[PDB]
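Novice: as they sit in the full assembly, here are the leading chains:
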Amino acid sequence: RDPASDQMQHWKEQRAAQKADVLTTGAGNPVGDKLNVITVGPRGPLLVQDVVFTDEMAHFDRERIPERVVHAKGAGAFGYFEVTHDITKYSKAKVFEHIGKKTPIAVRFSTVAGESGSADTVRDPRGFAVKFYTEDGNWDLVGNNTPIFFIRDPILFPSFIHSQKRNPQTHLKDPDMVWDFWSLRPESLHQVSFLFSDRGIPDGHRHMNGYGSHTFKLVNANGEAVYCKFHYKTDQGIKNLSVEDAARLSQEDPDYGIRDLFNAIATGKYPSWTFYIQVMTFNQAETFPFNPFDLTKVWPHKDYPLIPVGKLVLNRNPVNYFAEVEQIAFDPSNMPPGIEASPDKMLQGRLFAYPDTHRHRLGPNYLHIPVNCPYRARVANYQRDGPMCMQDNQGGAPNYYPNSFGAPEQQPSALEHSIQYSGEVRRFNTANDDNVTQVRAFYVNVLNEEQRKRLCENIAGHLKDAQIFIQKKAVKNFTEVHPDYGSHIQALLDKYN
Amino acid sequence: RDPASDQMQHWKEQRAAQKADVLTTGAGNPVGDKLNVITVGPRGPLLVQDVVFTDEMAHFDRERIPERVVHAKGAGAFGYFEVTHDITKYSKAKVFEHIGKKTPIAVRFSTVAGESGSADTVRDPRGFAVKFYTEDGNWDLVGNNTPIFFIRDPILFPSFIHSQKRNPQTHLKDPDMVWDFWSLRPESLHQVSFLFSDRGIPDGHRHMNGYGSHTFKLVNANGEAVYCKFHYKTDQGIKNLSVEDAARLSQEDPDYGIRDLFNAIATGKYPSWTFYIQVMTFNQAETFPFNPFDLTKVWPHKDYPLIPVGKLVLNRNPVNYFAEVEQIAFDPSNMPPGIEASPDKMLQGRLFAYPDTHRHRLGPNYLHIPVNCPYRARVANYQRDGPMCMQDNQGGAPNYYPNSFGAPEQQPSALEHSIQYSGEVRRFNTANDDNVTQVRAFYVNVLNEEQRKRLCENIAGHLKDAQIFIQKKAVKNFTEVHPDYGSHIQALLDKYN
Amino acid sequence: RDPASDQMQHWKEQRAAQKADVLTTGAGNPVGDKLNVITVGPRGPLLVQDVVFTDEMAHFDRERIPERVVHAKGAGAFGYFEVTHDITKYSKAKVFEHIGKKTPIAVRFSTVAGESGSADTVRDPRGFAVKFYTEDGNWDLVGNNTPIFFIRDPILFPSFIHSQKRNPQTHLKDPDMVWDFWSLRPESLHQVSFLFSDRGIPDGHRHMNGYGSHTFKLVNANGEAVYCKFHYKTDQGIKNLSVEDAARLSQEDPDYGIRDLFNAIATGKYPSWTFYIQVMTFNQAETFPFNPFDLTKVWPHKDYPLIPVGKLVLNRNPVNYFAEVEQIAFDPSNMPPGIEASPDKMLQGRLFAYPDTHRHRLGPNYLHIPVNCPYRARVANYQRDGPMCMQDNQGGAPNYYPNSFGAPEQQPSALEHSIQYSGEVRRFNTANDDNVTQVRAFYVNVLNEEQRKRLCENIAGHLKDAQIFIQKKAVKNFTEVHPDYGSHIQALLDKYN
C-alpha cells in the first residue's frame, strides 16, 4: 500500500523491541483497566468514582475546536525556504540576508468555501499559507493559487463568504446567492474568469502556483521603500483535473490533496516552488494605469518582470495533523523588519481580521502552540497572563513600560516607513472602477479558443441554476467584458433551459 | 424549482410591499454605508475609527462554534407527538397522559462519523434525536436507525469513534483502524451486520426506522416499574439506496437528506413515524437468556410484541438552520417523571457525556437557547449566574436551599424508583459474553440469500483495504458467527486481492 | 434594617399567599429531592445516574465569568435621561431631539484598579458608565469622575494598568511600580493631582461628578461639526470621605458605595446628575493653546462655559446584579448619528479595545444579553450565527450584501463627517508636550492652602514606600510643576524616612 495507508504499521515497526507504555490518565496515574466500568455488580449502574471513564469521556467531549471560518478543509507540510538570489537592495528582511540561508517554513493548503470534511477536488480558490520562522519572528505569507481576489474592499468579505457558503435557512449550497452577489459586484469578473478556467480545479496541491496576491512594501537598510508582489510558481508544473475526473474523485477520495501531498513527501519526491518578486517604484505606482493596490488587478509581466529570490521546498509531513495543521495560525500582520503593509484596503482588513479569529478559534494564547511559536526567535514584551498560559509568563520581569529595571526596550531601528497621504478621510467608492480590461486581456490573449469554450461551459453549467434575472445580469457583465464571452455563455444557458 | 431552491425568492415575496429595514450595527446604530471603508483619501490606509467594518468583521470571525464530536452533519425538523393509545398503566409521564395529547417535538437526523460538510449518502448509522416539550420539562429520546450499537461498554466509546474517524497523523479515513477495532471487539458483529446490509444507506431520513435502542424504566402512578424499549417505525416505508446510486449522489448532492426533508415538509407531505414500546417485567428481565440491558441485543418480537403509543409527525421546517438545528442540544438525562434510566452501562455513560459536551460546544447556559428551552414548562431552581445568561437570572429569589423565604421546593412525588443491586463494586468483563447468536438469527432468518450476498459483498469491499491479519481476524469472527458468512466474505476477499 | 438588608424578607412578602414553585432541573424536569444523593445504601458510593446533582454541580462549576480587566468592582442602577434644553443646532442625535424626551439609561459605577471583592472606599479614579437606549441604538458614554486621565496615548494604557495592579511575582500592591511609571511619564502630574486631592475618595457614588473626559464630534442636520466635552455634575453636591474614615470603612463595609446607592434608590431619594456640554469650533480647536484632543488637558470654563442639556436620574435598582450590572457592556464605539469620534488618540484606542474585551469576557453574542440589547431599536444586518445565539438569527433573511431580495439596506443619511488631515503617517511623540501649566493652575487657583497641604500629605504618604531615586524623580516632576508642591512633598518624604 501507499505510505499514507501504512501509518500505523510504520509506527509499530519503528517502535519494535519496545514494550508498550503504561496507560495513564491525564494526570499520569496508571490505569488499572480501561475496558470495563465500575458497576454495582455485573448488571448494576455505573459509579461516579470511576475517574478514568469520566476523565477520558470529558476529554473526548472537548475534542472539537471551531473550524476556520474560511479555508477549513486543508493539508499541511513543512520544509525550508532557501535564498538563491540577492534582493538586499530591496528589503532588509533577515529572511533575505544572504545566499544559501535556509529558513524553516510551515505550509498549509486549503479550499476557501469547503467545510471540514468536504470534497477536495472542487472548483474553488486554493489557499497557500507559508509561515517562515525568521530570526526576526514569524512571517506569514498567506496567499492564494490566484494572483487576485473576487472583491477589492474588505467590508464586502463576510457578505461574499456568506454567498459562497450554505443558505441560512435550508443549509444547502445556493447558486442563487453566489451569482446574485457576483452579478451585483462586477469587480469579480476577473477572478471568476480564473475560477472557471482550467486552473479552477488543480491536480493536487503540488501542481498549482502560489500568489501573495497583495502589494507589499519592501524597505532596505538605507530607508527607501518599493512596492512588491510575491509569486511562487510550482516546479512540478501546472496540472489540472478535468470536471469529470474531479467529480469522480469527489466520491472516490474526498481527501485527494491530503493523500497526494502525504505520499509525495513520504516517497522522497519533495515538491518545490520557486520564489519570485515583482518590484515597482513609487512614481511607477503613481503612474500606473490602474490602482496598483487593487486586489483585482495584476502587474503585467512585460512591464514588471519576475525577479527570482529563492525556492520553497516541503520535505516533512506533520507528525500529528491537529497539533500542526489544524492549530497552525497564519497572521498577515506578522511581518519582520523590511516587509510592511500597503494601502491595499484588503490587506488592511486582513491585518485585523486574522488575529481576532485566531483568538476566537484557538484561544488568547494561540502563539504558545508549538507550531505557532516563533521558536527561532526570542519573545520578550510586557504582554502577560491570559487563558491557557503554558510558559514561565516571562517570570518576574516588570510588566509595565517604560520602567527603570532593564525590561525589554524598543529597537528604534525597526521603525516603520513613513508616507504622506492626502485627501479627505471618508469612504471612497471603488465599485465603479475598471472591471473588464484585464479580464478581456486574459480572455483574448492568454486563453486559446478551446480553453475559452471550456471556461464558458463551466460558467454556464454552474450558473444555470440561478433565477432568470440573475442569469441576465451575469451575462450582461460577461458581455460588457467581451461580446464572445457573454454570447457563448448566453447560448449555453439557453441550451440548458 | 423545488421549494428548497426558492428560499430567497419566497422570503422576498412574503415580504412584498414593505420597504427594506435599516441596516444597523450590532448595537442598533444605523449604518451610513456598508460598501466602502474609511481610508486616508482614495488610496489611503484604513482607519480604526471605522467601527462598522470592525464590528461586522469580528462577528464574522466568531461565526464558527465547535461541531458535534459525533453526528456533526445533520438535518432538523419540527412537529408534534400525538398519543393514540393508553399506556398509563406503564408510565405516569405527562407526555402519555391521555389520548389525543399533542406535544411539540424537535427532531434531528444525523450521520455518526461524517463531519460538517461531508456526504450524506454514506454507509453509516443514522441518528434520530427527538426532543419532546412536555409540561414536565424536555424529554430527549436520542436513538439511532438501528436497534443496537457496536459496543456494550461506554468506556470503549471514544476509542471506537477514534477508529471510525480520520487517522491522527494522515487525517485520512483508515479502514485499518476501523477493522482492527471491529475484529478486536467481536461484540460489534451484530451492528456491523446491520451496517453493511441494505438499510446501511437509507434513502433520505423519511425512509428509515428509529430506535431508542436502550432499555428504559417506565414507572406508573402506583410505583411499579417495568423495562421498556422505544421504537418508532416510518409510515413512508423502508427504502434504501443502492451502493452505486449512493456513490453517485455523494458527488451529485452531498446534502441529499437535508434537501429531501426540506422539500417533503415544504410540499405538504408531512412525514410520520408510528411509536411503539416493547415492555418487559422485572422477573422477565431476570429470566432473559441474554442481558436485557445489553445494547448489542434486541428483544425478539415473538416474546415481546410492539405496543402502539402514538405517532411522530414533522410539519415545520427550521426558520434558521444554525439557531434551530446546529444549536439544538439533546440530553438523554432529560427524562420527565415516569421515565428513568436502566442499568444499561451505555445509558449510564450517556447520562454524563451529553451535558458535558453541550457545555463545551454551546456554553454553560445552553439551556437558554430558544430551541433548547423547556418553553412549555416552568424553570425554577437555585442554579445561578453563568457565562451568557440571557434571562432575569431568576431575579432576586434566594439562591440557596433550604431557606425560609418561599423559594422553589422539591416535589416529593417525583422521587426515583428504588432497586436493590447485589454483588461487589468493581469492573465486570462483558467482552466475553455472547456475540453470535442474534447475529446468526438475523443472518439466516431475516435476510434472504441475495441480501446475504449483498451484505457479504459490501463487507468485503470495505474490508479489502485492511492488512491481511486484520482481514483474517474479521473473517474468523464472521465464521464463528456462521460458516456461510465468513466463507463468502473470505472468498470475496481472495477475489479482491 | 435598611432596605438593602431586607431583600429576602421583601421578596417573601411581595410573594405572599403564593405556594412555592416546583424545584426543577435546567431542562424543566421536576426534582423529587435535592437534599440527598443517590448512593448504594445508606453508606454507599454516589451514582452517575444522579442527574440532578451533576446538573446543579456543573452549573455551579461554570458560575464565574472573567472579571473586567479594569473597573471590576462596581455597582449598577437604572433610570432616564430627560432633555431640558435644545442643542439641536449642535447635534442631530435622536437622544437630543426635543424638550422632555426621556430615554432609558443604565449606569455603572466602578473603581479602576480594584478587583472584584476589594474595598470600595479607596483612593482611585471612579468610572461612571451610562448606556442610553436611543431609538438609534445604544449610546455608551463611558467617563470618569475626573475630566482627564493619567496618560494621553493608548499604547501606554496596558502598561499603566500593569503598574497600578499587583506585582507579577509577589501578587502584592507595589508603590514602586506605581511611582516608577508615574515619574517616567510626567503627563500624569495633572491626574495624580486630581487623584490625591479631596475628590480622590468620593463619599459614595452619588456625591461625585461625571466626565466623558474626551472630545467628541457633534454633527447637526445641516452637516456642520463641532467639538464637544460631556459633563454631568451631581445634584446631591460634591462630598468626600476623609482618609481615616475611608480606611475605617474599608474594613467596616467594603461594599460602601453599592449599599449607599441601593439604599438611596430604595428609600425614594433618587439621585440626579445635571448634563452639560462644552462646545468648541474647528478654528477654535486650531487656535487652542494646547492640544484640544489631549486627554490630560481640560477646557477652561471662562473660555468654554457649560451649556445645559438635560439631567440623569437613577430610579431603579437592579433585580439581579449579575444579569444587569456584571454582564452589562459599555462600548464607546456605540454612538448614534450625530455623535462621532475625535482625533483623540485615547478615544481611538477605546473604539477598538472595548468590543474585543466584551467578546472575550461575555462572549461573541454579548449584544444579545437583555441589558446590552438595544431593545428600544431595531437590529437588522447581515451579522449571523455565533456562539450562544439566543435569537431567531434573523430568520431566513439573506445574509449577504448587496443582494436583490429586500434585505436591510444602508441609510445614506447616517454617513460620517469628513475632515482632511495632513502630515505624514507615522508615530508622533507626545510625551514631551506641556505637562505642568494646567497642573499649576489647578494647584494655585482652585485649591486653597489647607487643601494643598492635604494633597501633598496624601502624595507623600503613598510615595514614601518607593525607592529613593523614584521619590527623587517624582519630586523633581512636582517641583517642575511648582516649587511649593515639590518642596512640601520632599519635606514630608524626609520626615517619613
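Specialist: Looks like it arrived, so ask away. Numbering: from 1, shown residues only, chains lettered A, B, ... in the order given.

Novice: which SS state does residue A:216 fall under?
Specialist: strand (DSSP: H, G, I helix; E, B strand; the rest coil).

Novice: nope, residue A:138 is what I meant
Specialist: For residue A:138, the secondary-structure state derived from three-state DSSP is strand.

Novice: test my guess that it contacts residue A:371.
Specialist: No: counting by Cβ atoms under 8 Å, residue A:138 stays clear of residue A:371, with 10.3 Å between them. Bear in mind the C-beta positions are built from the backbone N, C-alpha and C, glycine included.

Novice: for the residue in the stretch 251-400 of chain A positioned nearest to chain C, give me its contacts.
Specialist: Among residues of the stretch 251-400 of chain A, the one nearest chain C by Cβ to the nearest Cβ turns out to be residue A:396. It sits 3.4 Å away. Residue A:396 makes contacts with C:167-169, as judged by Cβ atoms under 8 Å, 6 or more residues apart in numbering or on different chains.

Novice: on that earlier part again, of residue A:138 and residue A:371, which one has the most company?
Specialist: More crowded of residue A:138 and residue A:371, by other Cβ atoms under 10 Å in any protein chain shown: residue A:138, with 23 against 20.

Novice: dump the residue contacts of that one.
Specialist: Taking Cβ under 8 Å, 6+ apart as the contact definition, residue A:138 lies against A:131-132, A:331, A:334, A:372, A:374, A:377.

Novice: so what sits opposite it in the bridge?
Specialist: residue A:133 (DSSP bridges).

Novice: go on, the one 4 residues further on?
Specialist: Counting by DSSP bridges, residue A:142 is bridged to residue A:129.

Novice: thought residue A:112 was touching it, still the case?
Specialist: No: in this structure, residue A:142 is not within contact of residue A:112 by Cβ under 8 Å, at 12.0 Å.

Novice: common neighbours of these two, please.
Specialist: Between them, residue A:142 and residue A:112 share the neighbouring residues residue A:127, with contact defined by Cβ under 8 Å, 6+ apart.

Novice: drop chain D onto that structure:
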Amino acid sequence: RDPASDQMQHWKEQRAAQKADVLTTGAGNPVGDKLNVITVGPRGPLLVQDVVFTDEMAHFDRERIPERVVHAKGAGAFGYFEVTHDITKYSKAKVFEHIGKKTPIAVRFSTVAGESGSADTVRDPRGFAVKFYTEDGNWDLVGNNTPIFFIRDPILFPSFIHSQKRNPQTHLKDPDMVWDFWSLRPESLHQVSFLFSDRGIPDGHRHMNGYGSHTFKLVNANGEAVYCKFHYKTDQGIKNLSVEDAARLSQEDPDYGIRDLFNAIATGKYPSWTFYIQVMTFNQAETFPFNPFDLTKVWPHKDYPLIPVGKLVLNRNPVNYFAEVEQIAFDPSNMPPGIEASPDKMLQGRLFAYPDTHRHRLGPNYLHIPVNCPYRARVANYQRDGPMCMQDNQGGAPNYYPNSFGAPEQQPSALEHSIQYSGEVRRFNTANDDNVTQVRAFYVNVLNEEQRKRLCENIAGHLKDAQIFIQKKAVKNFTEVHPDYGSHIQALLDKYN
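Specialist: Same chains as before, plus chain D:
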C-alpha cells in the same frame, strides 16, 4: 525593605551587566516603538495598520480568566515532601516507598468565600491544597485548616456557598442568608464552632494546621485495604490573630498571608508541616459509633492515634504568580495506586466537581499547563486533540483501544479495591443524624472558659444582623448542643439588640 517589596530591584540586580532584551510582538517581530501610535499627522486618527498596538491591546483585553468558584483569593509556594516513617504496610503508594524519598510538591493556601482581591485576615475556613508529583502521576491532597466541613452531603454544597457569598440582588454580604442556611442545617454546628473559635482567623498561612478532612482508602501490595485520615500539623506552632488586629490588618494589608509566606520563604525560614495519618480497619468502621465517612465527624485521638509519615517543607516562592498559583489545578480524583476514594458522599461529589470547573476555568487541556503537568511521570493514553493543545498530541500513535500496534496498554496491577455494598439504591436522609455530641465534646473538653466566652461573643457579633426568628433557630440549635453555649449566645444577642 522586606524581600517582597524589593522584587523588581532584585530582578534588576541578578540581571546586571546584561543589555535589555529586544521588545517584540507576540510573534517575535521586533517593535520599533511602543510609546506612540500611528496617526494621520500629529493630530490625526489612529490607523488599523498599527499591529503592535492592537496586538498588545487584545492580549491585555484577554488577561482575565474566571476566578475560582470558591477559594479565589490565595497564595502559593513550592517544596518537597520527605518520607520519615514506613507506612508501606498500609499503602503501596510510590510517594511512600522508602525513607528519605523526596517528592516535589506545590501548595496553595486560600480563603473559601473571599473573592480575588478581598481581605486575607477574615474569619473563614482556610484551604490547604498540596500537589505531589509522584512517579505515578500527581496526587492532589486538597484539605482545609479544619478536620471537618459544614455539611455532609455534596448536593448541599452549591447552596451553602451561595449563602456564604453575596446577595443575588444587592451583591452585599448577607448574614441573613448565612445564618438561615446554618440554622436550617444543624449539621454545621460543629464546623461553626471551629469557625468562630480562636483558629477561625489564623495568623498567616504558616501558623495553621492542615487536614485532608476525608476518609481515604489505603491499599497495600497484598491487597488489604484500610481507612485513613491525613493530617499535617504546623511545625511553627498554632498562632491566631485577635478580632481587632484582624480587622486592622484587613485595611492595613489585605494581602497579609501572601506577604507573610513570601517573606518567610525569601528570608530562609522555610515553613514545615509534619504529616500524620489516622488508620482504621473495616470492622472498626462497621463498629464506629458515628458514620466514619461523615465529613462533620472526627476520629478521636485516644481511639485512633496519629501515625507519623513525613514532613512538608516549602522552600521556593513562585516565579510568576498567575502561571503557578492562579493556574494550578487540584483534582481530588488524582490519586496514585495505593490511595482510593471512600464512600464519603462529599468525596464522591468532589471526584466529579473539580475537573469540570478546571475545564471551565482553565480549559479542556489544563493538564498541559506546566504547574499542572505530571512532569515527574509519563503521560500516555488515547486522549487526543482539544482546544489549546501544546504538546506533540502524542504524535502518530494509534488513538483507539484496544489495537494491534503497541499503543499504551492498561496495567492490571493498578486495579481498584473491591467492596460489596448492600441496601437499596436511593437517596438516604442524613440530616437527622447526630449533630451535637462531638460539638459538645469540643465545647466542654477542648476549650477553656475564656475561649468559650470568645467563641460565643464572635458568634453573637456575627449573628446579631440576622432576623429575630433566624437568631431564635440558631440559638435553639446551640442550646440543643449544650445549655451554656446557647445561653451565653442568647444573652449576648439580647445585649446587642
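
Novice: now with chain D: the contacts of residue A:138?
Specialist: A:131-132, A:331, A:334, A:372, A:374, A:377, D:27-29.

Novice: same question, residue A:35
Specialist: Going by Cβ under 8 Å, 6+ apart, the list of residues near residue A:35 reads B:153, B:155-156, B:427, B:429, B:431, D:401-402, D:410.

Novice: what's the closest of the residues you listed to chain C?
Specialist: Using Cβ to the nearest Cβ, residue B:155 is the member of these that sits closest to chain C, with 12.3 Å.

Novice: residue A:206 and chain C: what is the separation?
Specialist: For residue A:206, the distance to chain C (Cβ to the nearest Cβ, to the nearest Å) stands at 34 Å.

Novice: please name the nearest non-neighbouring residue to that residue.
Specialist: Sequence neighbours aside, residue A:271 is the residue nearest to residue A:206 in space, at 4.1 Å (criterion: Cβ to Cβ, 6 or more residues apart in numbering or on different chains).

Novice: shouldn't the one you found be in contact with residue A:311?
Specialist: No: judged on Cβ under 8 Å, residue A:271 makes no contact with residue A:311 at a distance of 10.6 Å.

Novice: and those two? which has more neighbours close in?
Specialist: Of the pair residue A:271 and residue A:311, residue A:271 is the one with more neighbours under other Cβ under 10 Å, namely 22 against 17.

Novice: and the gap between the more buried one and chain B?
Specialist: Distance from residue A:271 to chain B, counting by Cβ to the nearest Cβ: 17 Å.

Novice: in a helix, residue A:106, correct?
Specialist: No: when classified by three-state DSSP, residue A:106 is found to be strand rather than part of a helix.

Novice: the residue lying closest to it once chain neighbours are set aside sits in which helix or strand?
Specialist: Ranked by Cβ to Cβ, 6+ apart and with sequence neighbours excluded, the top spatial neighbour of residue A:106 is residue A:131, at 4.4 Å. Taking DSSP states H and E as the definition, one finds residue A:131 inside strand A:126-134.

Novice: could you dump that strand to CSV, C-alpha only?
Specialist: Listed in CSV are the C-alpha atoms of strand A:126-134, where the atom choice follows Å, rounded to 0.1, in the frame of the first residue of the first chain:
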residue,chain,number,x,y,z
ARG,A,126,-7.0,27.2,-3.2
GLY,A,127,-5.2,29.0,-0.4
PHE,A,128,-1.4,28.6,0.1
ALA,A,129,-0.2,29.8,3.5
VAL,A,130,3.5,29.9,4.4
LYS,A,131,5.0,30.6,7.8
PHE,A,132,8.7,31.5,7.8
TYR,A,133,10.5,31.2,11.2
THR,A,134,12.8,34.1,10.7
